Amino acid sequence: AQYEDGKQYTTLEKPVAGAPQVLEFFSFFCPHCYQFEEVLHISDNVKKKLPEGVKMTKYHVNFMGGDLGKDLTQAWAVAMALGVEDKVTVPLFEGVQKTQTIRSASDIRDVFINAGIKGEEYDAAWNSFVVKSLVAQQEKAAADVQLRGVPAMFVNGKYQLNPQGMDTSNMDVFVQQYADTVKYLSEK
């Protein structure tokens, strides 16, 4: 076939019930994640090709960058709770990987302040049990698929995208193949 298990995707031997339709994992420490966000805009091109009725979920992971890695997962929870993902994603990536000015939880906070979120609102969110439970969700979703690498995308908790099985001559063509693959899997 044109799409083949083990080539553009793999099947989880242990399907995850009740999983989000399109579930993406990343880390601000993850160099291909940076490319995926800044250069390729994968998440955005996937959405443009997804059906009607399909929600997209994106979670941060703990296993990169030790203590700061965990801070970043909590910060991403704050971003989801406040609905400010699209304002902090780029400065967090650049602060961690480009300028390397994110070295503590306080520096993470600075990124949110500079993006216009008020200190009070940030600190209240950061310490909230709503964010606590949002951190729990991120961990449990990653735990469900025993995740040891990012970037990763899973469709309906049973298929996992396999970008190594796609040509990277052309960045545009790679993205469309990736997105078309998500669409196919979606309709599966």
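All residue numbers are counted from 1 along the displayed sequence.
- Here 175-183 and 6-14 are compared by their mean Cα B-factor, and 6-14 comes out higher.
- The deposited model assigns a higher average Cα B-factor to 114-122 than to the other stretch when 68-76 and 114-122 are compared.
- Among all modelled residues in its chain, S27 ranks in the lowest third by Cα B-factor.
- Per-chain ranking of the deposited C-alpha B factor places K140 in the middle third.
- In the deposited entry, the Cα temperature factor of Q146 places it in the highest third of its chain's modelled residues.
- Among all modelled residues in this chain, the alpha-carbon of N45 has a temperature factor (C-alpha) in the middle third.
- In this PDB entry, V131 carries a Cα temperature factor that places it within the middle third of its chain's modelled residues.
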